[PDB]
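Participant: Give me coordinates for this.
(8 chains)
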Amino acid sequence: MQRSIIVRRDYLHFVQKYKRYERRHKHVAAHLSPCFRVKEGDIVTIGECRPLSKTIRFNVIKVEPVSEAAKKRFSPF
Amino acid sequence: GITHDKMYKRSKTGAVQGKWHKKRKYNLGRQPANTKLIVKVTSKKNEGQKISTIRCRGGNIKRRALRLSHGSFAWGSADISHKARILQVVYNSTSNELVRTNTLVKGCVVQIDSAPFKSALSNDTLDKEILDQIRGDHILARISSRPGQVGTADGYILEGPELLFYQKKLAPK
Amino acid sequence: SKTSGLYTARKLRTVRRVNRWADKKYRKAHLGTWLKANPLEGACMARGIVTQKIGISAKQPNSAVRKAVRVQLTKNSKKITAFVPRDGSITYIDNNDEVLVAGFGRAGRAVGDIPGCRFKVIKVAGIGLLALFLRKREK
Amino acid sequence: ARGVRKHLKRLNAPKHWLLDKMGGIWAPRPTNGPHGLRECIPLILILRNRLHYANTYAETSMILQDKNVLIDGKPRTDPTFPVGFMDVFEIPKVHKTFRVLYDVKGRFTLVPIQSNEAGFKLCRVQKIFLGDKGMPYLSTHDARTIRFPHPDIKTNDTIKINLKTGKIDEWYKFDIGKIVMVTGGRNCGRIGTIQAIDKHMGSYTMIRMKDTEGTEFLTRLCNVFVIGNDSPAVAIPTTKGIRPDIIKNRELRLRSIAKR
Amino acid sequence: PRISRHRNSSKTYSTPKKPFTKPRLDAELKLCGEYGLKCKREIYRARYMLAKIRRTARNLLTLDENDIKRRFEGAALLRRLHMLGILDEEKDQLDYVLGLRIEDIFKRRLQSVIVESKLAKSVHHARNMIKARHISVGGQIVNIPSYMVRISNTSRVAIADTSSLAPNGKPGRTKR
RNA sequence: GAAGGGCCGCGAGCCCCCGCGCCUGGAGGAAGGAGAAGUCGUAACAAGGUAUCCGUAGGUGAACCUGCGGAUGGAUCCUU
RNA sequence: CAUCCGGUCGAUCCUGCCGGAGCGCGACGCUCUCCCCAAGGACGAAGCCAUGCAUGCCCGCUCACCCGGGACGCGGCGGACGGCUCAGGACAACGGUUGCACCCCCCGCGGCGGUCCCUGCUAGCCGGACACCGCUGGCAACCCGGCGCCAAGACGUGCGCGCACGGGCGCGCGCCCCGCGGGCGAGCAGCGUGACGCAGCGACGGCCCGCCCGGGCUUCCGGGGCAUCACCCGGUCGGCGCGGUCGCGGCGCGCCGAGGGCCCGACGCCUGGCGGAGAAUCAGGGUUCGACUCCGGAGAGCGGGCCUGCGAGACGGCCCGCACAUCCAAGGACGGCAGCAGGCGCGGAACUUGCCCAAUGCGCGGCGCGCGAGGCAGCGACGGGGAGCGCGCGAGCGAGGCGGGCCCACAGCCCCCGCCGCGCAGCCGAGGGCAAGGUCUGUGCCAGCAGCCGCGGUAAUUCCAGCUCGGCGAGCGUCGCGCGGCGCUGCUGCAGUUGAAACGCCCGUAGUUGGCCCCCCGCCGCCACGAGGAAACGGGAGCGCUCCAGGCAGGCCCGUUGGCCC
RNA sequence: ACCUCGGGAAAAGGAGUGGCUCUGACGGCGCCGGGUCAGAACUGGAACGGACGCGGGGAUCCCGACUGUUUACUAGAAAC
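Facilitator: Residues are numbered from 1 along each chain as shown, chains lettered A, B, ... in the order given. Sharing the structure here:
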């Protein structure tokens, strides 16, 4: 998206009936500043802002680059 | 009436939403009132400056401009500001229809009478680009206020790289 | 075998939801085909006008004539067959005289030698059948 | 719900009021005033329930209407008038003067005070702002707006108001080594000195306070209320916020019942 | 709406899992013979009061010593069981609360206490005397045969002063 | 500044098409279940008088029969 | 709070279901001595409504009359709360956790109180202008017309002090960043100047600001089922400029780009689908239900639309369309019980057109009313709790009645005190499961019974009576359903050679799962402990309502309590 | 719907259309060509493919698959 990015927040949800967990994902829409360069896979830091659009309430304030061939890995960040 | 509620809108996934409630006064929206510039002052005086107050939430009166003729226009560099008649709306970024009907909206490029700013010609070394517009009797300015909410059409005289962008837009005609 | 991974809760929850349906009882409790099919429609009991007094034969090896009434339930206009319980009780029930019918007690299955009667009369014309049998109230 | 809520259910009303469940469907709802609904007790409950001076709600009106009760030295005739921490509740006709402080359990307690104490009222500055022509103004917990505050007094400090003149007699700063009573929260009434100020930027400053017994209690800095620089400079409840443990409380209850 | 709605209520009895067990039918009849009971519900109530007290004792025994709950709640269970007299004063431990029977619930009941004090010729005698309010505990007349007295009130249990000492002087049949 | 009118905005209700769900009438077909006590054979179970059965194809009053490739749950744990 | 047992056979051992046995919470039958507590037209009719009532209070303004008794009217505030119900709504509502440097707010509390002009002040205080009112009418009714008098703390103006001053403007930080600060975590606030504008309030001074309270959104995590629904959405997803709102935002539009969501189930459909605090059952783990009390949402026949106000898209406000009433003198008018009684319809099923503001609140008002909120009584085997139907051998009650007391808005109940005195049981069983006759008739595979297995065809332990007996008990039987039973849903903890069941084989993505190794570091989950967030409920300290279910009491007492937990 | 997956299909049905006054796109720039495709006002007895040119459509059944061909001068068909 133009000046916008989709972030995959990964989190575990614990159930009681089975003492095991469920790996879950949530896509949050952030706003990429033109200053920050990002590739699909980078660890971003997103900070809450005033509603900027229908789906955007966040802005990218830090970028951490990745080696592109970084596999995937469920990562709680 | 008009609703700014997102209940009518579809979800991010594009799914239909459910109407759980009827429309509420808090999410009311009002019919837009386009401030028409009175360019027909010579033809008729019946159309005078008509600003209408409206009752809003909390009894906060909002002044809605229906017809306007003048505004306070400010040349920031020279710090020269005077009330000026607005001659015409030339260039609106959203649509050319607003320019034809001469609606006053924020950011519409307007031509203002230079008769109040004629004094500035006497001091030279005061921006040649503004000075030759002053000699011509029309100066490029932009409305800096919202006429529908404030009720006034205050502005500022286009200067520096802004003046160049909008004079390039109106350059062929 | 079963899956035992710290993060396989989702699979176990899905497997339980899918395999819960195999039992007839979970289906006869949650599928909802029973609720539409039942002439009582989930009610404790129903009311309805008598249409026909019928002598129904008992299933083998029992040889007898069970006594029953065909009842059209006012609630859903659905004719059922209901046994009238006790001895000589049918004489109390006339035709078209209104009867309150409850089920037999096997939760919608036919019980005893009587076949297809899932219902039995409890009140005739607003008068309890057992009372008319013990001669506590007259017809 | 179309507008402001004018009614309070008895089950809804805060536990520190100690309103009996069978007493009514309704509970007194405090009017808007110097204290918030959670951080205040109505005047009906501080008279008909605590002192029993009025045996019914109509009698609370009859004694409040006669301005017999004085709150912060103000007649305060409203029955549902909020009374909160540091308000001076005095009845001259019965010659009793009370200052409302918090007990160790966390319920409000009407403490007997002296005429010198009645004169001053302790306030905490929540915020300092440039309102009304950029004029400096302070805001105290008891909804008091004082223009021209002393330039030094910062936020979280405790000011002392004259009540008669409504002037700041003195300011006690919020710092390590300062006597503090935690008002509201799980630790309520407890009196201790600040030992730690953990900022936790962007969220809540976490204050750790130590009792004379040496029991460390941690609470958010909003609940913390400075009492004085090294001594309270105000009447403190008889327990003095040392706080009893559950087995000690059992012992005190048994002692009281035995002397029946 | 209606403060009556907010009034609480609970069941004080727990019917047996199996109702027709011959060993457990006969034993209940014996426990009605020695205690003058009108119906089996009274024995069921006795087991509901004991089971709850035993459950507290078992949930505290599992808890570690010096865990505060064991020290506080256990002392409150012991004190209650001592004050009633269900727990013998000498034992003074949580384990002995687990090893108790419904005989101890029944013995503290007023009907059994009157026979021990020799005021009642039998338990059947006592039940009728308490219904006829001829019995006063600590200066208060009681009309309930399951009143259950505390160890202190045991001595204060006495024939009601206004009943069988003949202050009325014309009671029942004597009057006419 | 009223009645009134115009143009749009918010938006009933009706019309007309089109989906979508649910319930059904219906000659005439066609299964299953319960009677009845019928008729015609006897397919399987004893090597059940052609060992059964599996797939697949054909045929045949009907169970069935037959071809081809399996299996043994066979009637064979066994032979330069 | 760790239990099974009867039924496939000639017999046996299994699998496997069927039936029993426990509890709930409704219906139904039968029966009922007394007291206490208590739900109560929710259950595919959010169907429909006759009647009465549920919202008033005040006096600023009295030349209405009782003399200030004050009628009314005008003015003020409340009528947006509360009461009710659960239709709609399934990334919604709701619950915990956030933010508003994107906001709005009556009452009250505490501050603050400088308001240019020209014309034109009356400020020892100005106008006019209606209502009631009087007079005269139309009108089936509803509804109101004209004329005339005369008031407000009402209305319209206005005497104001150029650090005059509401809105919105234009301009005024930097020099890689961070370290005094009116204020922050953060460039936020405030103001200085240049123009515009001339807001409010001042005719018994409030604009304004903080606090409060409620609201608007908003952050994260949780937030039905179905794959015989696998691909879906195109204001859909972003950006930009305006408009609009209390404000942010595709909220809306113009323009540009092609995004957005998906087997970690998108989307579609369906829901006899409000959510939560909770409830039922229960060793543990769990399952099921969440109409109802408290909290938040939603709606007042159905769609819309609006006005007033600080707040309502309000229905005990109005306008309109549809559906359905109502009265009519035929022209017209006129509604809206998912308030409370009460009716009608429907269903298996659900209370009195009672009384009263005394308590507990709230609206207005220092001396006090209004309230179908709420309280009281009636009905009421929803249910819960406590006592009876004798003890005994000659004496005793309570069930009553009748009195007094107490209690009560008024009665009444309870309880106390005298007087008379008058105990009183059902409902299901007896072949087994499962406790209790191998009694005596009738009947003779009939009649019936029997959840299940079974009895009945002339020696019926099973039917129909008598007799005797068992269980439970003022309750017991029946039906429907939830949980337990049921390791017959299996996380704990099921099974798959043959009982039901390893995909014919192989590759393979998503998914799930991956040996060992570095002590000492950052991120994760993790465990412990804190903060902070409604109670009720559920526990649970202490307290003898006569016990008790209850309740938060009590007693000369921790500052008597009402702790503490979830 | 059906289907030989090509079709059916212009299926069925709807809505707009004139003149003026403008605004975008699109090449070859200083220049200099284009004539299409959008979008907006404003107008007009409620008018616009204003003449002209120019399918009515849907559900079936029989027959021949089809395009073709034929008794010039009575049968164009299902015949060949």
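Participant: element containing the residue lying closest to residue B:129 once chain neighbours are set aside, please.
Facilitator: Excluding its sequence neighbours, the residue lying closest to residue B:129 (CB to CB, 6 or more residues apart in numbering or on different chains) is residue B:163, at 5.9 Å. For every residue, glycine as well, the C-beta is placed using N, CA and C. With elements taken from DSSP states H and E, the one containing residue B:163 is helix B:160-169.
Participant: pretty sure residue D:87 is touching residue D:71, no?
Facilitator: Yes - the pair residue D:87 / residue D:71 is scored as a contact, 5.7 Å apart, by CB atoms under 8 Å.
Participant: higher neighbour count, these two?
Facilitator: Ranked by neighbour count (other CB atoms under 10 Å in any protein chain shown), residue D:87 and residue D:71 place residue D:87 first, with 27 against 23.
Participant: Can you give me the separation between the more buried one and residue B:62?
Facilitator: 41 Å (CB to CB, to the nearest Å).
Participant: How about residue A:16?
Facilitator: Applying CB to CB, the value for residue A:16 to residue B:62 is 54 Å.
Participant: Could you check which of those two is surrounded by more residues?
Facilitator: A count of neighbours by other CB under 10 Å puts residue B:62 above the other of residue A:16 and residue B:62, at 15 against 6.
Participant: Which residue, neighbours along the chain excluded, lies closest to residue D:239?
Facilitator: In this structure, residue D:239 finds its nearest non-sequential neighbour in residue D:104, 4.7 Å apart by CB to CB, 6+ apart.
Participant: so what's the backbone phi/psi at the one you found?
Facilitator: When read as degrees, to the nearest 10, the backbone of residue D:104 gives phi -60, psi -40.
Participant: List the contacts of it.
Facilitator: D:189-190, D:237, D:239, D:241-244 (CB atoms under 8 Å, 6 or more residues apart in numbering or on different chains).
Participant: For my notes, please list these in TSV and give neighbour count for each entry.
Facilitator: TSV is the format used below for the contacts of residue D:104 (neighbours: other CB atoms under 10 Å in any protein chain shown):
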residue	neighbour count
D:189	24
D:190	25
D:237	15
D:239	15
D:241	26
D:242	15
D:243	20
D:244	13
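Participant: For residue D:211, list the residues it contacts.
Facilitator: Counted by CB under 8 Å, 6+ apart, residue D:211 has contacts D:190-192, D:217, D:241-243.
Participant: before we move on, back to that, check which helices and strands the helix holding residue B:163 is in contact with.
Facilitator: Judged by 3 or more CB pairs under 8 Å, 6 or more residues apart in numbering or on different chains; DSSP states H and E, the packing partners of helix B:160-169 are strand B:138-143.
Participant: Parallel or antiparallel, list what pairs with the strand it packs on.
Facilitator: Here strand B:138-143 has these sheet partners by DSSP bridges: strand B:109-113 (antiparallel), strand B:155-157 (antiparallel).
Participant: got the buried residues for the very next helix or strand once past it?
Facilitator: Using DSSP H and E, the next helix or strand after strand B:138-143 towards the C-terminus is helix B:147-150. Neighbour-count burial for helix B:147-150 flags B:147-148 (criterion: 16 or more other CB atoms under 10 Å in any protein chain shown).
Participant: Show me what helix B:147-150 is packed up against.
Facilitator: strand B:62-68.
Participant: mind listing the helices for chain B?
Facilitator: For chain B, the helices defined by DSSP state H occupy B:97-100, B:128-136, B:147-150, B:160-169.
Participant: deepest of those, which one?
Facilitator: Of all those, helix B:147-150 has the most neighbours on average by mean count of other CB atoms under 10 Å in any protein chain shown, namely a mean of 19.
Participant: For chain B, which residues are neighbours of chain D?
Facilitator: Nowhere does chain B come near chain D, counting by CB under 8 Å from any CB of the partner chain.
Participant: In chain B, spot the strand with the most residues.
Facilitator: What stands out as the longest strand in chain B, according to DSSP state E, is strand B:80-89.
Participant: Now do the buried residues in stretch D:119-130.
Facilitator: For stretch D:119-130, the neighbour count (16+ other CB under 10 Å) marks D:119-125 as buried.
Participant: Put the alpha carbons of the helix of greatest length in chain C into CSV.
Facilitator: Ordering each helix of chain C by length in residues (DSSP H) puts helix C:9-19 first. Taking Å, rounded to 0.1, in the frame of the first residue of the first chain, the C-alpha atoms of helix C:9-19 are listed here in CSV:
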residue,chain,number,x,y,z
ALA,C,9,-4.7,-26.9,21.4
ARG,C,10,-6.4,-25.8,18.1
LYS,C,11,-6.3,-29.3,16.6
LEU,C,12,-7.7,-30.9,19.8
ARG,C,13,-10.5,-28.3,20.0
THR,C,14,-11.4,-28.9,16.3
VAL,C,15,-11.2,-32.8,16.7
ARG,C,16,-13.6,-32.6,19.7
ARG,C,17,-16.0,-30.4,17.8
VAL,C,18,-16.0,-32.7,14.7
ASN,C,19,-16.2,-36.0,16.5
